[PDB]
Each structure stands twice: as C-alpha cells, then as structure tokens.
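Visitor: Below: one structure in structure tokens.
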Amino acid sequence: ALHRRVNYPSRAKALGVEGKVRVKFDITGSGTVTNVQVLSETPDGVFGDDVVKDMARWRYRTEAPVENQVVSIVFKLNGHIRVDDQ
Amino acid sequence: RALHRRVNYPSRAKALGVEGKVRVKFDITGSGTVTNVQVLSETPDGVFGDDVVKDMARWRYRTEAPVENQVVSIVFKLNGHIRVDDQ
C-alpha cells in the first residue's frame with residue numbers, strides 16, 4: 001500500500017462517536033480499489049459511507065490485480081488533558 | 001515541585017465529545033498534598049469542574065512548607081485516532 005488515508009468524519013468527531021468498519025475490496029492492476037463491500041460498521045450509518053469514499057482515493061503498487069482484500073478501520077477519540085501552571 | 005497531577009477525562013464529557021477547560025486556585029500543605037481547592041472558571045459550565053476538584057485532592061508536590069493561592073488551567077481535548085488493519 002502507498003497510501004490508505006481515512007478521515008474522521010467531522011460530525012462523528014464533534015459528537016464523540018467512536019466505532020469500527022470492516023471492508024472487503026478488490027485492487028485493479030492500476031492499483032485502485034473496486035468492488036468495495038462493507039462487511040460491518042458500528043454504530044450503523046456513521047462511518048461506512050465516508051470510509052467507502054476515502055477508499056476511492058487509496059493507492060497500491062500497480063502490478064497484478066488482487067481480489068477479496070479485507071481491512072478493519074477503528075475510529076477512537078484520545079482524551080488529551082494538559083495542566084498549565086499560571 | 002509537582003510529583004503527581006493526574007486528571008481523568010470525565011466519562012460523560014468524553015461520550016458527548018465535550019472539550020473545554022477549568023481554571024482552579026488551590027493551596028499545597030507541607031505534606032505536599034492539595035487543599036482549599038476553588039474553581040475560578042470552567043467552560044462549558046458544570047462539565048469538568050467537580051471531577052477536576054475530585055482529581056486534584058489526589059495531587060502531590062515536593063515542598064518543605066505550605067504554599068497557597070496556586071493557579072492552574074486544565075485543558076481537555078479529544079483527538080481523532082484511526083487504525084487501518086489488514087485481516
């Protein structure tokens with residue numbers, strides 16, 4: 001894989017919503033993604049469509065087409081707390 | 001002189017995606033424990049203040065003498081984290 005950028009949807013991030021998407025897909029000889037199948041997403045309706053859009057712009061080593069690849073994408077929010085002395 | 005100043009992200013704030021900050025005045029006893037804790041301000045209202053006061057009771061300093069009217073600003077942020085895993 002050259003890049004597999006996934007963005008945190010802004011609504012979900014703003015609402016503190018975490019979750020997980022499992023996706024099956026093919027890679028063309030052009031090393032682009034096709035036949036994108038959402039195997040699961042939680043919570044339902046939140047991350048699936050945005051992940052499918054992001055995957056449209058994924059790039060792999062153009063060589064030989066590969067089929068039935070699976071990835072898990074886990075969306076979390078890391079609490080960060082700083083104590084500033086005044 | 002601070003040894004331990006752990007602050008936790010309140011569960012409820014975290015689940016709601018709420019960020020913000022608390023400004024607190026407090027004293028430090030000779031035992032290097034924290035006392036006389038007073039919230040000066042918080043945003044948003046009533047989200048972080050009480051949990052920060054609770055956390056600050058367990059704070060620890062190195063000191064040879066009580067110090068008073070110390071001020072801290074405690075800042076709460078939520079950062080996006082995405083893991084892509086091949087299966």
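We name chains A, B, ... following the order of the structure tokens; residues begin at 1 in each chain, and ligands are numbered from 1 as shown.
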How close does each residue of chain A get to chain B, giving the shortest atom pair and distance in Å to one decimal for every residue with an atom at most 9 Å away, counting only C-alpha atoms, sorted by chain and residue number, as JSON lines?
Guide:
{"residue": "A:4", "atom": "CA", "partner": "B:84", "partner_atom": "CA", "distance": 7.9}
{"residue": "A:5", "atom": "CA", "partner": "B:84", "partner_atom": "CA", "distance": 8.9}
{"residue": "A:6", "atom": "CA", "partner": "B:82", "partner_atom": "CA", "distance": 7.2}
{"residue": "A:7", "atom": "CA", "partner": "B:82", "partner_atom": "CA", "distance": 7.9}
{"residue": "A:8", "atom": "CA", "partner": "B:80", "partner_atom": "CA", "distance": 6.3}
{"residue": "A:12", "atom": "CA", "partner": "B:17", "partner_atom": "CA", "distance": 8.8}
{"residue": "A:13", "atom": "CA", "partner": "B:80", "partner_atom": "CA", "distance": 6.7}
{"residue": "A:14", "atom": "CA", "partner": "B:17", "partner_atom": "CA", "distance": 5.8}
{"residue": "A:15", "atom": "CA", "partner": "B:17", "partner_atom": "CA", "distance": 4.8}
{"residue": "A:16", "atom": "CA", "partner": "B:17", "partner_atom": "CA", "distance": 3.5}
{"residue": "A:17", "atom": "CA", "partner": "B:15", "partner_atom": "CA", "distance": 7.2}
{"residue": "A:18", "atom": "CA", "partner": "B:15", "partner_atom": "CA", "distance": 8.9}
{"residue": "A:69", "atom": "CA", "partner": "B:86", "partner_atom": "CA", "distance": 7.9}
{"residue": "A:70", "atom": "CA", "partner": "B:87", "partner_atom": "CA", "distance": 5.6}
{"residue": "A:71", "atom": "CA", "partner": "B:86", "partner_atom": "CA", "distance": 4.5}
{"residue": "A:72", "atom": "CA", "partner": "B:85", "partner_atom": "CA", "distance": 5.1}
{"residue": "A:73", "atom": "CA", "partner": "B:84", "partner_atom": "CA", "distance": 4.6}
{"residue": "A:74", "atom": "CA", "partner": "B:83", "partner_atom": "CA", "distance": 5.1}
{"residue": "A:75", "atom": "CA", "partner": "B:82", "partner_atom": "CA", "distance": 4.7}
{"residue": "A:76", "atom": "CA", "partner": "B:81", "partner_atom": "CA", "distance": 5.0}
{"residue": "A:77", "atom": "CA", "partner": "B:80", "partner_atom": "CA", "distance": 5.0}
{"residue": "A:78", "atom": "CA", "partner": "B:79", "partner_atom": "CA", "distance": 5.1}
{"residue": "A:79", "atom": "CA", "partner": "B:78", "partner_atom": "CA", "distance": 4.7}
{"residue": "A:80", "atom": "CA", "partner": "B:77", "partner_atom": "CA", "distance": 5.0}
{"residue": "A:81", "atom": "CA", "partner": "B:76", "partner_atom": "CA", "distance": 4.7}
{"residue": "A:82", "atom": "CA", "partner": "B:75", "partner_atom": "CA", "distance": 5.3}
{"residue": "A:83", "atom": "CA", "partner": "B:74", "partner_atom": "CA", "distance": 4.6}
{"residue": "A:84", "atom": "CA", "partner": "B:73", "partner_atom": "CA", "distance": 5.1}
{"residue": "A:85", "atom": "CA", "partner": "B:72", "partner_atom": "CA", "distance": 4.7}
{"residue": "A:86", "atom": "CA", "partner": "B:71", "partner_atom": "CA", "distance": 5.4}
Visitor: Among chain A, which ones does DSSP place in strand (DSSP E or B), written as number ranges by chain?
Guide: A: 3, 19-27, 33-42, 59, 66-85
Visitor: I want to know what sits within 8 Å of residue 59 of chain B, based on only C-alpha atoms, with residues of the same chain fewer than 2 positions away left out; could you give that as a VMD selection string?
Guide: chain B and resid 3 to 6 33 to 34 55 to 57 61
Visitor: Nearest to residue 57 of chain A among A:21, A:10, A:1, A:33, with distances taken over only C-alpha atoms: which residue is it?
Guide: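 Using only C-alpha atoms, residue 57 of chain A sits closest to A:33.
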Visitor: Chain A: which residues are helix (DSSP H, G or I) by DSSP, as a PyMOL selection string?
Guide: chain A and resi 10-15+48-55
Visitor: Can you spit out the residues from that selection as a compact mmCIF listing (two decimals), in the first residue's frame, using C-alpha atoms?
Guide:
# COMPACT_ATOMS: atom_id res chain seq x y z
CA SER A 10 -16.36 15.81 11.40
CA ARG A 11 -19.91 15.21 12.82
CA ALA A 12 -18.85 11.91 14.50
CA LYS A 13 -15.63 13.52 15.90
CA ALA A 14 -17.62 16.56 17.20
CA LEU A 15 -20.22 14.23 18.87
CA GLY A 48 -19.41 3.25 6.35
CA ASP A 49 -20.22 5.76 3.54
CA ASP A 50 -17.27 8.09 4.47
CA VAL A 51 -14.85 5.08 4.56
CA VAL A 52 -16.09 3.91 1.08
CA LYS A 53 -15.49 7.49 -0.27
CA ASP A 54 -11.94 7.62 1.27
CA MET A 55 -11.13 4.17 -0.23
Visitor: Have a look at atom CA of residue 40 of chain A and atom CA of residue 22 of chain A and let me know their distance in Å, one decimal.
Guide: 5.1 Å
Visitor: Kindly indicate which residue among B:39, B:28, B:47, B:52 lies nearest to residue 65 of chain B, using only C-alpha atoms for the distances.
Guide: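 Smallest distance to residue 65 of chain B is found for B:28.
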Visitor: Quick check, in Å to one decimal: how far apart do atom CA of residue 68 of chain A and atom CA of residue 34 of chain A lie?
Guide: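 Separation of atom CA of residue 68 of chain A and atom CA of residue 34 of chain A: 10.0 Å.
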Visitor: By how many Å are atom CA of residue 41 of chain B and atom CA of residue 29 of chain B apart?
Guide: 23.2 Å
